[PDB]
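See structure below.
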Amino acid sequence: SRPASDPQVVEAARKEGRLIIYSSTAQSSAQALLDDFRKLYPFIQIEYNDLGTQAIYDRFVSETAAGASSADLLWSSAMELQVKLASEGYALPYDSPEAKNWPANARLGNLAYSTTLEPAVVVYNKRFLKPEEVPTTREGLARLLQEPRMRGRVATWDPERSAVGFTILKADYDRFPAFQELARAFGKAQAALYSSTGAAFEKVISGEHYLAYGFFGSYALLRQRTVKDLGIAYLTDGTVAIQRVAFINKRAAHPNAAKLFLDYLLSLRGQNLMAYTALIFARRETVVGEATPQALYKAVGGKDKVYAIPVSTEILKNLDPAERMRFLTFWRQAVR
């Protein structure tokens, strides 16, 4: 199919001829979306900047303050930092014709959009933990992490170096009491903390760690295709899902190309490519592939077991000084 972007937007994008993206989405995961978008619009040259979540925010803020050339479109899993920018005058307001059935809690009006529904999962090395040895609950994981063989064998986010690590672990801490017992077991097992999914996965795949907690199901599914010893367990006591937020730079030199790419990401065509080929867990329910809401809900025991972090200014509470102090003070004491 073809995204329902307005014909006048398509022609204005052709005049621009160019699209600059700042994205946290691994190029390995995004590449099939970029390639399909270029098939749709061969007259748009894409510059894809694969950057850390904190670095996107810092660089966009600096470039905008200096009046400098910046991104047309920002796409990031650090939901608080995306919602912060889009609620502070950095977003081009645009009603996507592809987002008409987006729930209100999946969009910041016309300022920013959910593009995914990606679970925080457990990945493990099947050579060292068999599927049946991996518990699917926080209390069961706390129990496994008491075992001497697990000491040195756990990876999780560093929520002080990854903005999305913070998004995920803060939401886990807020929603699941059992997260506290688990975080103390991170301490017991001397969990190593990583600022990126790839650094954690590299150590699970070598076997330096047996298990990684809290990383994206999308990246786990894509890595599984080339690494057969990679296992994925879905939490059945409650799964946190992030929504990667896209918005258009208000000061985009190529606003119309950004509109076409945003529409593409929200379209059936783009969400189906996520679900089927990129193995990015899609936001749209009416998709076919492995990385779908249907598949996620089946793995966790139902939709009610998924806490989907909303694309809302309410989540800026996570950036409040008192709220970061409570979370970090507890976190640092538990995992030392």
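Residues are named by chain letter and number: chains run A, B, ... in the order of the structure tokens, numbers start at 1 in each chain, and ligands are numbered from 1 in the order shown.
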
Shell around range 100-104 of chain A at 12 Å using only C-alpha atoms, local window under 6 positions removed, as a PyMOL selection string: chain A and resi 4+110-116+263+266-268+283-286+308+310-313

Please produce an output containing N, CA, C and O atoms for each residue in the selection, written as a CSV table (one decimal), in the first residue's frame.
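Final output, again.csv:
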```csv
chain,number,residue,atom,x,y,z
A,4,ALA,N,-1.1,7.6,3.2
A,4,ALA,CA,-2.1,8.6,2.8
A,4,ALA,C,-1.5,10.0,3.1
A,4,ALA,O,-2.3,10.9,3.4
A,110,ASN,N,-1.1,16.7,18.2
A,110,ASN,CA,-0.5,16.7,16.9
A,110,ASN,C,1.0,17.0,17.0
A,110,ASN,O,1.6,17.4,16.0
A,111,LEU,N,1.6,16.8,18.2
A,111,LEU,CA,3.0,17.2,18.4
A,111,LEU,C,4.0,16.0,18.3
A,111,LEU,O,5.2,16.3,18.0
A,112,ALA,N,3.6,14.8,18.6
A,112,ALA,CA,4.5,13.6,18.7
A,112,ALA,C,3.7,12.4,18.7
A,112,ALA,O,2.5,12.4,19.2
A,113,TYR,N,4.3,11.3,18.3
A,113,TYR,CA,3.5,10.0,18.1
A,113,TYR,C,4.3,8.8,18.6
A,113,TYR,O,5.5,8.7,18.3
A,114,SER,N,3.5,7.9,19.2
A,114,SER,CA,3.9,6.5,19.3
A,114,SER,C,4.1,5.9,18.0
A,114,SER,O,3.3,6.0,17.1
A,115,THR,N,5.3,5.2,17.8
A,115,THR,CA,5.5,4.4,16.5
A,115,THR,C,5.6,2.9,16.8
A,115,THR,O,5.8,2.1,15.8
A,116,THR,N,5.7,2.5,18.1
A,116,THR,CA,6.0,1.0,18.4
A,116,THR,C,5.3,0.7,19.8
A,116,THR,O,4.8,1.7,20.4
A,263,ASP,N,4.5,9.7,8.5
A,263,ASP,CA,3.3,9.0,7.9
A,263,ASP,C,3.6,7.5,7.6
A,263,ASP,O,2.9,6.7,7.9
A,266,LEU,N,3.9,5.3,10.6
A,266,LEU,CA,2.5,5.1,11.3
A,266,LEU,C,1.6,4.3,10.4
A,266,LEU,O,0.6,3.7,10.9
A,267,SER,N,1.9,4.2,9.1
A,267,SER,CA,1.0,3.6,8.1
A,267,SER,C,1.0,2.1,8.3
A,267,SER,O,1.9,1.5,8.9
A,268,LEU,N,0.0,1.4,7.8
A,268,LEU,CA,-0.1,-0.1,7.7
A,268,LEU,C,1.2,-0.6,7.0
A,268,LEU,O,1.7,-1.6,7.5
A,283,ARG,N,3.0,-0.8,16.8
A,283,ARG,CA,2.0,-0.2,17.6
A,283,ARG,C,0.6,-0.6,17.0
A,283,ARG,O,-0.3,-0.7,17.8
A,284,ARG,N,0.4,-0.8,15.7
A,284,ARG,CA,-0.9,-1.0,15.1
A,284,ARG,C,-1.3,-2.5,15.4
A,284,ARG,O,-0.4,-3.3,15.3
A,285,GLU,N,-2.5,-2.7,15.8
A,285,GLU,CA,-3.0,-4.1,16.2
A,285,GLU,C,-3.2,-4.9,14.9
A,285,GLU,O,-3.0,-6.1,14.9
A,286,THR,N,-3.6,-4.3,13.8
A,286,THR,CA,-4.0,-5.0,12.6
A,286,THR,C,-2.8,-5.0,11.6
A,286,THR,O,-2.9,-4.2,10.7
A,308,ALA,N,1.9,-0.3,29.1
A,308,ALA,CA,2.3,0.5,28.0
A,308,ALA,C,2.5,2.0,28.5
A,308,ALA,O,1.5,2.6,28.9
A,310,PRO,N,2.6,5.7,28.5
A,310,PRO,CA,1.9,6.6,27.5
A,310,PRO,C,2.7,7.7,27.0
A,310,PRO,O,3.8,8.1,27.5
A,311,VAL,N,2.4,8.1,25.8
A,311,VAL,CA,3.0,9.3,25.1
A,311,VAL,C,2.2,10.5,25.7
A,311,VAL,O,1.2,10.9,25.0
A,312,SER,N,2.6,10.9,26.8
A,312,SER,CA,1.8,11.9,27.6
A,312,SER,C,2.8,12.8,28.4
A,312,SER,O,3.8,12.3,28.9
A,313,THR,N,2.5,14.1,28.6
A,313,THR,CA,3.3,15.0,29.5
A,313,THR,C,3.2,14.5,30.9
A,313,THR,O,4.1,14.9,31.7
```

Residue neighbourhood residue 278 in chain A, 7 Å, only C-alpha atoms, exclusion window fewer than 5 positions, as a list in words: residues 29, 30, 32 and 273 of chain A

Those residues with N, CA and C atoms, as a PDB file, in the first residue's frame please?
```pdb
ATOM      1  N   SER A  29      18.077  -2.680  12.882  1.00  0.00           N
ATOM      2  CA  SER A  29      16.603  -2.819  12.995  1.00  0.00           C
ATOM      3  C   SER A  29      15.899  -1.866  12.004  1.00  0.00           C
ATOM      4  N   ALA A  30      16.415  -0.652  11.764  1.00  0.00           N
ATOM      5  CA  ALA A  30      15.715   0.395  10.996  1.00  0.00           C
ATOM      6  C   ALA A  30      15.922   0.206   9.480  1.00  0.00           C
ATOM      7  N   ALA A  32      15.579  -1.989   7.014  1.00  0.00           N
ATOM      8  CA  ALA A  32      14.480  -2.399   6.116  1.00  0.00           C
ATOM      9  C   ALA A  32      13.440  -1.287   5.998  1.00  0.00           C
ATOM     10  N   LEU A 273       5.849  -3.772   7.872  1.00  0.00           N
ATOM     11  CA  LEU A 273       7.300  -3.993   7.682  1.00  0.00           C
ATOM     12  C   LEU A 273       7.995  -4.131   9.047  1.00  0.00           C
TER      13      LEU A 273
END
```

Got a sec: who's within 12 Å of residue 159 in chain A, counting only C-alpha atoms, leaving out chain neighbours fewer than 2 positions off, as a PDB file with C-alpha atoms, in the first residue's frame?
```pdb
ATOM      1  CA  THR A  53      19.112   8.563  23.592  1.00  0.00           C
ATOM      2  CA  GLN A  54      20.843  11.121  25.858  1.00  0.00           C
ATOM      3  CA  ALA A  78      13.734   7.776  25.679  1.00  0.00           C
ATOM      4  CA  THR A 156      20.756  -4.914  32.990  1.00  0.00           C
ATOM      5  CA  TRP A 157      20.468  -1.237  32.141  1.00  0.00           C
ATOM      6  CA  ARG A 161      23.923   6.427  31.452  1.00  0.00           C
ATOM      7  CA  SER A 162      20.928   5.380  29.221  1.00  0.00           C
ATOM      8  CA  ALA A 163      17.862   7.658  29.175  1.00  0.00           C
ATOM      9  CA  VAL A 164      15.688   4.680  27.989  1.00  0.00           C
ATOM     10  CA  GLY A 165      17.311   2.443  30.681  1.00  0.00           C
ATOM     11  CA  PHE A 166      15.846   5.031  33.081  1.00  0.00           C
ATOM     12  CA  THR A 167      12.474   5.017  31.208  1.00  0.00           C
ATOM     13  CA  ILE A 168      12.268   1.199  31.496  1.00  0.00           C
ATOM     14  CA  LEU A 169      13.597   0.646  35.051  1.00  0.00           C
ATOM     15  CA  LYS A 170      11.663   3.688  36.471  1.00  0.00           C
ATOM     16  CA  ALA A 171       8.380   2.331  34.982  1.00  0.00           C
ATOM     17  CA  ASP A 172       9.239  -1.176  36.369  1.00  0.00           C
ATOM     18  CA  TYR A 173       9.960   0.362  39.817  1.00  0.00           C
ATOM     19  CA  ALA A 192      26.807  -5.497  35.316  1.00  0.00           C
ATOM     20  CA  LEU A 193      25.055  -2.323  34.021  1.00  0.00           C
ATOM     21  CA  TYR A 194      25.111  -1.350  30.312  1.00  0.00           C
ATOM     22  CA  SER A 195      24.269   1.862  28.477  1.00  0.00           C
ATOM     23  CA  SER A 196      23.113   0.014  25.305  1.00  0.00           C
ATOM     24  CA  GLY A 214      15.012  -5.125  30.578  1.00  0.00           C
ATOM     25  CA  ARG A 324      14.707  10.784  40.229  1.00  0.00           C
ATOM     26  CA  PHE A 327      14.364   5.935  42.223  1.00  0.00           C
ATOM     27  CA  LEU A 328      18.133   6.411  41.978  1.00  0.00           C
ATOM     28  CA  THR A 329      18.811   6.316  45.752  1.00  0.00           C
ATOM     29  CA  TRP A 331      18.514   1.653  42.725  1.00  0.00           C
ATOM     30  CA  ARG A 332      22.156   2.463  43.615  1.00  0.00           C
ATOM     31  CA  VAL A 335      22.507  -3.046  42.962  1.00  0.00           C
TER      32      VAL A 335
END
```

7 Å contact set for range 129-146 of chain A, only C-alpha atoms, chain neighbours under 4 positions out, as number ranges by chain: A: 124-125, 150, 178-179, 181-182, 185, 188-189, 210, 233-237

So which bits of range 140-290 of chain A end up helix (DSSP H, G or I) when you DSSP the backbone, as a compact mmCIF listing (two decimals) with N, CA, C and O atoms, in the first residue's frame?
```
# COMPACT_ATOMS: atom_id res chain seq x y z
N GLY A 140 10.61 -14.88 40.80
CA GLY A 140 11.36 -16.08 40.33
C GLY A 140 12.76 -15.70 39.90
O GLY A 140 13.70 -16.41 40.23
N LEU A 141 12.91 -14.56 39.21
CA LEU A 141 14.26 -14.09 38.81
C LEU A 141 15.07 -13.75 40.06
O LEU A 141 16.24 -14.13 40.09
N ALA A 142 14.48 -13.05 41.03
CA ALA A 142 15.16 -12.77 42.32
C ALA A 142 15.68 -14.08 42.93
O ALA A 142 16.85 -14.11 43.38
N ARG A 143 14.86 -15.14 42.88
CA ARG A 143 15.23 -16.50 43.40
C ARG A 143 16.40 -17.05 42.59
O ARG A 143 17.39 -17.49 43.20
N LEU A 144 16.35 -17.03 41.26
CA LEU A 144 17.45 -17.61 40.43
C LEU A 144 18.76 -16.85 40.73
O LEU A 144 19.82 -17.48 40.79
N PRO A 148 24.80 -19.31 43.33
CA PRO A 148 26.20 -18.95 43.10
C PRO A 148 26.59 -18.94 41.62
O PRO A 148 27.33 -18.06 41.21
N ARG A 149 26.04 -19.84 40.81
CA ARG A 149 26.38 -19.89 39.35
C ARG A 149 25.89 -18.60 38.65
O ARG A 149 26.34 -18.30 37.57
N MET A 150 25.01 -17.83 39.26
CA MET A 150 24.48 -16.61 38.61
C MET A 150 25.34 -15.41 38.98
O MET A 150 25.12 -14.40 38.37
N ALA A 163 19.13 6.99 28.85
CA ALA A 163 17.86 7.66 29.17
C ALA A 163 16.73 6.65 29.09
O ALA A 163 15.79 6.74 29.90
N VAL A 164 16.78 5.69 28.16
CA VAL A 164 15.69 4.68 27.99
C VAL A 164 15.86 3.59 29.07
O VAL A 164 14.83 3.08 29.54
N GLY A 165 17.07 3.29 29.49
CA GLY A 165 17.31 2.44 30.68
C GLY A 165 16.54 3.00 31.85
O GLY A 165 15.82 2.27 32.48
N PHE A 166 16.62 4.32 32.07
CA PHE A 166 15.85 5.03 33.08
C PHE A 166 14.35 4.88 32.80
O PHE A 166 13.58 4.51 33.73
N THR A 167 13.91 5.15 31.57
CA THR A 167 12.47 5.02 31.21
C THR A 167 11.98 3.63 31.63
O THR A 167 10.97 3.51 32.33
N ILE A 168 12.74 2.58 31.25
CA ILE A 168 12.27 1.20 31.50
C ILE A 168 12.29 0.87 32.98
O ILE A 168 11.30 0.31 33.50
N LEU A 169 13.43 1.08 33.63
CA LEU A 169 13.60 0.65 35.05
C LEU A 169 12.73 1.51 35.97
O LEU A 169 12.20 0.96 36.93
N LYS A 170 12.54 2.81 35.68
CA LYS A 170 11.66 3.69 36.47
C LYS A 170 10.22 3.18 36.37
O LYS A 170 9.54 3.09 37.42
N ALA A 171 9.74 2.84 35.16
CA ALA A 171 8.38 2.33 34.98
C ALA A 171 8.24 0.98 35.71
O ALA A 171 7.24 0.74 36.35
N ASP A 172 9.27 0.12 35.66
CA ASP A 172 9.24 -1.18 36.37
C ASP A 172 9.11 -0.90 37.88
O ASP A 172 8.22 -1.47 38.55
N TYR A 173 9.97 -0.06 38.41
CA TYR A 173 9.96 0.36 39.82
C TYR A 173 8.60 0.94 40.22
O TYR A 173 8.12 0.64 41.32
N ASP A 174 8.03 1.83 39.41
CA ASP A 174 6.71 2.47 39.75
C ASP A 174 5.59 1.41 39.76
O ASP A 174 4.73 1.49 40.60
N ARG A 175 5.59 0.42 38.87
CA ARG A 175 4.38 -0.44 38.61
C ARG A 175 4.46 -1.76 39.38
O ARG A 175 3.42 -2.27 39.69
N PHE A 179 9.78 -5.60 41.75
CA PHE A 179 11.02 -5.03 41.15
C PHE A 179 12.03 -4.73 42.26
O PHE A 179 13.24 -4.90 42.03
N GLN A 180 11.57 -4.34 43.45
CA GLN A 180 12.52 -4.02 44.56
C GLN A 180 13.36 -5.23 44.98
O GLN A 180 14.61 -5.11 45.11
N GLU A 181 12.70 -6.36 45.21
CA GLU A 181 13.34 -7.67 45.52
C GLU A 181 14.28 -8.04 44.36
O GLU A 181 15.42 -8.45 44.63
N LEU A 182 13.86 -7.83 43.12
CA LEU A 182 14.71 -8.14 41.96
C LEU A 182 15.96 -7.25 41.97
O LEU A 182 17.08 -7.79 41.72
N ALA A 183 15.82 -5.95 42.19
CA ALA A 183 16.96 -5.01 42.15
C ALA A 183 17.97 -5.41 43.25
O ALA A 183 19.17 -5.34 42.96
N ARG A 184 17.52 -5.85 44.44
CA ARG A 184 18.43 -6.33 45.52
C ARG A 184 19.14 -7.59 44.99
O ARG A 184 20.35 -7.74 45.22
N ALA A 185 18.44 -8.46 44.25
CA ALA A 185 19.05 -9.68 43.68
C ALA A 185 20.06 -9.27 42.59
O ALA A 185 21.00 -10.01 42.40
N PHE A 186 19.89 -8.12 41.92
CA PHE A 186 20.92 -7.62 40.98
C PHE A 186 22.19 -7.38 41.79
O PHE A 186 23.29 -7.77 41.34
N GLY A 187 22.04 -6.76 42.96
CA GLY A 187 23.15 -6.58 43.91
C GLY A 187 23.79 -7.92 44.31
O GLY A 187 24.99 -8.13 44.15
N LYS A 188 22.99 -8.85 44.77
CA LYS A 188 23.48 -10.19 45.17
C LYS A 188 24.27 -10.82 44.02
O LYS A 188 25.37 -11.28 44.24
N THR A 197 21.75 -1.81 24.47
CA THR A 197 21.32 -3.18 24.29
C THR A 197 22.49 -4.03 23.77
O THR A 197 22.67 -5.16 24.25
N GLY A 198 23.24 -3.51 22.79
CA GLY A 198 24.27 -4.27 22.09
C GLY A 198 25.38 -4.66 23.05
O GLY A 198 26.02 -5.71 22.89
N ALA A 199 25.72 -3.80 24.01
CA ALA A 199 26.84 -4.11 24.91
C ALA A 199 26.38 -5.27 25.81
O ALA A 199 27.15 -6.20 26.01
N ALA A 200 25.12 -5.27 26.25
CA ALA A 200 24.60 -6.36 27.09
C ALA A 200 24.52 -7.64 26.28
O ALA A 200 25.03 -8.68 26.76
N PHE A 201 23.93 -7.58 25.09
CA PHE A 201 23.78 -8.78 24.22
C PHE A 201 25.14 -9.41 23.91
O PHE A 201 25.21 -10.64 23.87
N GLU A 202 26.18 -8.62 23.65
CA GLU A 202 27.53 -9.12 23.26
C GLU A 202 27.99 -10.07 24.38
O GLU A 202 28.42 -11.17 24.07
N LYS A 203 27.78 -9.71 25.65
CA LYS A 203 28.26 -10.50 26.80
C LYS A 203 27.34 -11.71 27.01
O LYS A 203 27.89 -12.75 27.41
N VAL A 204 26.03 -11.64 26.77
CA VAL A 204 25.13 -12.83 26.86
C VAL A 204 25.54 -13.83 25.77
O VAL A 204 25.62 -15.06 26.01
N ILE A 205 25.80 -13.34 24.55
CA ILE A 205 26.17 -14.22 23.42
C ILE A 205 27.54 -14.88 23.68
O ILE A 205 27.68 -16.05 23.31
N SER A 206 28.52 -14.18 24.26
CA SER A 206 29.85 -14.81 24.54
C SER A 206 29.69 -15.80 25.70
O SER A 206 30.54 -16.68 25.83
N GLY A 217 12.61 -6.35 23.19
CA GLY A 217 12.22 -7.56 22.44
C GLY A 217 12.56 -7.46 20.96
O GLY A 217 12.95 -8.48 20.36
N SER A 218 12.43 -6.27 20.38
CA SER A 218 12.71 -6.01 18.94
C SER A 218 14.11 -6.46 18.60
O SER A 218 14.30 -7.19 17.60
N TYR A 219 15.09 -5.99 19.38
CA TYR A 219 16.52 -6.25 19.12
C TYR A 219 16.79 -7.71 19.44
O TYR A 219 17.58 -8.33 18.70
N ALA A 220 16.13 -8.29 20.44
CA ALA A 220 16.32 -9.72 20.78
C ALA A 220 15.88 -10.59 19.58
O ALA A 220 16.63 -11.47 19.21
N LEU A 221 14.69 -10.38 19.04
CA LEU A 221 14.16 -11.13 17.88
C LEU A 221 15.11 -11.00 16.70
O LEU A 221 15.37 -12.04 16.00
N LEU A 222 15.62 -9.81 16.43
CA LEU A 222 16.49 -9.60 15.24
C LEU A 222 17.81 -10.33 15.49
O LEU A 222 18.27 -11.07 14.57
N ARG A 223 18.34 -10.28 16.70
CA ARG A 223 19.64 -10.94 17.01
C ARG A 223 19.48 -12.47 16.93
O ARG A 223 20.37 -13.12 16.39
N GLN A 224 18.34 -13.01 17.35
CA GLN A 224 18.02 -14.46 17.34
C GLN A 224 18.18 -15.02 15.93
O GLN A 224 18.57 -16.17 15.80
N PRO A 255 10.75 19.86 6.33
CA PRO A 255 9.58 19.45 7.07
C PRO A 255 8.69 18.46 6.32
O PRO A 255 8.06 17.62 6.94
N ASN A 256 8.56 18.60 5.01
CA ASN A 256 7.61 17.75 4.24
C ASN A 256 8.18 16.33 4.11
O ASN A 256 7.41 15.40 4.19
N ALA A 257 9.48 16.20 3.95
CA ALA A 257 10.12 14.87 3.88
C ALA A 257 9.93 14.20 5.23
O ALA A 257 9.61 13.00 5.25
N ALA A 258 10.04 14.97 6.32
CA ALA A 258 9.83 14.44 7.69
C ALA A 258 8.37 13.98 7.82
O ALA A 258 8.14 12.90 8.38
N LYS A 259 7.42 14.75 7.29
CA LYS A 259 5.98 14.38 7.30
C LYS A 259 5.81 13.02 6.60
O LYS A 259 5.17 12.15 7.18
N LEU A 260 6.38 12.84 5.39
CA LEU A 260 6.24 11.60 4.63
C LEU A 260 6.81 10.43 5.45
O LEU A 260 6.24 9.36 5.42
N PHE A 261 7.96 10.60 6.09
CA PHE A 261 8.62 9.52 6.87
C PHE A 261 7.78 9.19 8.12
O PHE A 261 7.61 8.00 8.45
N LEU A 262 7.23 10.21 8.79
CA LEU A 262 6.40 10.00 9.98
C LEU A 262 5.13 9.23 9.54
O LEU A 262 4.81 8.23 10.17
N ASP A 263 4.47 9.66 8.46
CA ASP A 263 3.27 9.00 7.93
C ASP A 263 3.64 7.55 7.61
O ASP A 263 2.89 6.66 7.88
N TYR A 264 4.78 7.34 6.96
CA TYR A 264 5.24 5.99 6.57
C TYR A 264 5.33 5.14 7.82
O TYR A 264 4.84 3.98 7.81
N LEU A 265 6.03 5.62 8.85
CA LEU A 265 6.23 4.85 10.10
C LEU A 265 4.86 4.47 10.69
O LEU A 265 4.76 3.29 11.15
N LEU A 266 3.85 5.34 10.62
CA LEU A 266 2.54 5.10 11.27
C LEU A 266 1.62 4.27 10.38
O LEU A 266 0.62 3.72 10.92
N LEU A 268 -0.05 1.41 7.76
CA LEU A 268 -0.08 -0.09 7.69
C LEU A 268 1.17 -0.61 7.01
O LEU A 268 1.68 -1.58 7.51
N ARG A 269 1.58 -0.02 5.90
CA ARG A 269 2.79 -0.48 5.17
C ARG A 269 4.00 -0.50 6.13
O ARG A 269 4.66 -1.52 6.22
N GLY A 270 4.23 0.59 6.85
CA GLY A 270 5.41 0.70 7.71
C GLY A 270 5.30 -0.19 8.94
O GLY A 270 6.29 -0.79 9.32
N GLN A 271 4.12 -0.26 9.54
CA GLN A 271 3.90 -1.07 10.77
C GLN A 271 4.01 -2.56 10.38
O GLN A 271 4.46 -3.39 11.22
N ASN A 272 3.54 -2.91 9.21
CA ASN A 272 3.62 -4.33 8.75
C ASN A 272 5.09 -4.67 8.50
O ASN A 272 5.49 -5.74 8.91
N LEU A 273 5.85 -3.77 7.87
CA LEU A 273 7.30 -3.99 7.68
C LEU A 273 8.00 -4.13 9.05
O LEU A 273 8.86 -5.00 9.16
N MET A 274 7.61 -3.34 10.05
CA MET A 274 8.15 -3.50 11.41
C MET A 274 7.89 -4.92 11.89
O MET A 274 8.82 -5.61 12.40
N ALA A 275 6.63 -5.36 11.80
CA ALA A 275 6.17 -6.61 12.45
C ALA A 275 6.81 -7.80 11.74
O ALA A 275 7.08 -8.83 12.38
N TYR A 276 7.00 -7.70 10.42
CA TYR A 276 7.27 -8.90 9.60
C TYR A 276 8.78 -9.06 9.33
O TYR A 276 9.25 -10.18 9.32
N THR A 277 9.46 -7.97 8.99
CA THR A 277 10.81 -7.93 8.37
C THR A 277 11.79 -7.26 9.32
O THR A 277 12.77 -7.88 9.59
N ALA A 278 11.52 -6.05 9.85
CA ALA A 278 12.48 -5.35 10.76
C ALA A 278 12.47 -6.02 12.14
O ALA A 278 13.44 -5.86 12.87
```

Filtered DSSP result for range 45-272 of chain A, state strand (DSSP E or B), as a PyMOL selection string: chain A and resi 45-50+73-76+91+107+113-114+116+118-125+154-157+192-194+211-216+230-233+239-242+245-249

Option closest in space to residue 297 in chain A, from A:85, A:117, A:13, A:20 [counting only C-alpha atoms]: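 The answer is A:117, which sits nearest to residue 297 in chain A.
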
Long-range neighbours of residue 307 in chain A as a ChimeraX atom specification, 7 Å cut-off, only C-alpha atoms, 6 positions minimum in chain: /A:239-241

Nearest candidate to residue 75 in chain A (options A:12, A:291, A:106, A:245; using only C-alpha atoms): A:245

Shortest interatomic distance to residue 190 in chain A - which of A:81, A:334, A:309, A:34, counting only C-alpha atoms: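 Looking at the shortest contact to residue 190 in chain A, the residue is A:334.
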